[PDB]
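Working notes, structure below.
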Amino acid sequence: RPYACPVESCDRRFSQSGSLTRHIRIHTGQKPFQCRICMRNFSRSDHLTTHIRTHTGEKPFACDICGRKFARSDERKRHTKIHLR
DNA sequence: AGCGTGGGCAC
DNA sequence: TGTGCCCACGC
Ligand SMILES: [Zn+2]
Ligand SMILES: [Zn+2]
Ligand SMILES: [Zn+2]
């Protein structure tokens, strides 16, 4: 509720100053972080990190039940539930 | 499946 | 003033 977004259409607010200014990038279209492999620009450093794994094939997250690996923790999370029948 | 991408947040 | 996870959607 403290920090807020000045643009007309939006009615959003952020507790941390950083999240307000991160959101503002949606409006300005700023994409600060670039992939030195395919040159594609991204809005967030964390999304650039996971994107790079699509190129390298790095998959740090293994399923506890079957061991299948994933580049992202949420992909693994989405996967694990399939072992429930 | 593969994976873009914003919000909540701890640090 | 960032960095970097977890979470959630969406397609
Ligand atoms: Zn806004
Ligand atoms: Zn790339
Ligand atoms: Zn599995």
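The figures here come from the full heavy-atom set of this structure, side chains too, leaving out hydrogens, waters and symmetry mates. Below, read A as the first sequence line, B as the second, and so on, with proteins coming before strands; counting in each chain starts at 1.
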Of all residues at least two apart in sequence or in a different chain, which pass the side-chain hydrogen bond (donor to acceptor under 3.5 Å, both in side chains) check with A:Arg40? none
How is A:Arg25 classified with respect to the nucleic acid when contacts are heavy atoms under 4.0 Å: base, sugar-phosphate, or nothing? nothing
Would you kindly compare A:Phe70 and A:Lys31 by the position of their nearest DNA chain B nucleotide and give the one closer to the 5′ end? A:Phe70
Sequence-distant partners of A:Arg44, salt bridge (charged side-chain N to carboxylate O under 4.0 Å, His left out), two or more places apart: A:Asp46
Range on DNA chain B touched by chain A - first to last nucleotide, heavy-atom distance under 4.0 Å: B:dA1 to B:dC11
So do the side chains of A:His79 and A:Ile82 get within less than 4.5 Å of each other, counting heavy atoms only? yes
Without swapping roles, check the side chain of A:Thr54 against the backbone of A:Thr50 for a donor-acceptor pair under 3.5 Å. no
Please tabulate, one pair per line, all N/O donor-acceptor pairs under 3.5 Å involving side-chain atoms of residues 25-32 of chain A, not counting sequence neighbours.
residue, atom, partner, partner atom, Å
A:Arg25, NE, A:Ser43, O, 3.2
A:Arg25, NH2, A:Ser43, O, 3.0
A:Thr28, OG1, A:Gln30, N, 3.3

Under 4.0 Å from any atom of DNA chain B, heavy atoms only: list the residues of residues 51-61 of chain A that qualify, in numerical order. A:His51, A:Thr54
Would you give me the side-chain donor-acceptor pairs under 3.5 Å for residues 1-20 of chain A, sequence neighbours excluded?
residue, atom, partner, partner atom, Å
A:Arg13, NE, A:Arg1, O, 2.6
A:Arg13, NH2, A:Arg1, O, 3.0
A:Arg13, NH2, A:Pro2, O, 3.4

Taking salt bridge (charged side-chain N to carboxylate O under 4.0 Å, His left out) as the test, write out the residues that go with A:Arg68, two or more places apart. none
Distances for protein N or O near nucleotides 1-4 of chain C N or O, under 3.5 Å:
none

Sorted by chain and residue number, the ring pair (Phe, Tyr, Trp, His ring centres under 6.0 Å) partners of A:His55 (sequence neighbours excluded) come out as A:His51
Hydrophobic cluster mates of A:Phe42, side-chain heavy atoms under 4.5 angstrom, ILVMFWY only, any path? A:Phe33, A:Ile37, A:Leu48, A:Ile52
Kindly say whether A:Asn41 contributes a backbone atom to a donor-acceptor pair with the side chain of A:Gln34 at under 3.5 angstrom? no
Is A:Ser19 touching bases, backbone alone, or none of the nucleic acid, heavy atoms closer than 4.0 Å? base
Indicate every side-chain donor-acceptor pair of residues 57-66 of chain A with a distance under 3.5 Å to a residue at least two apart or in another chain.
residue, atom, partner, partner atom, Å
A:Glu58, OE1, A:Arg53, NE, 3.4

For DNA chain C, what residues of residues 71-85 of chain A have any heavy atom nearer than 4.0 Å? A:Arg72, A:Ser73, A:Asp74, A:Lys77, A:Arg78
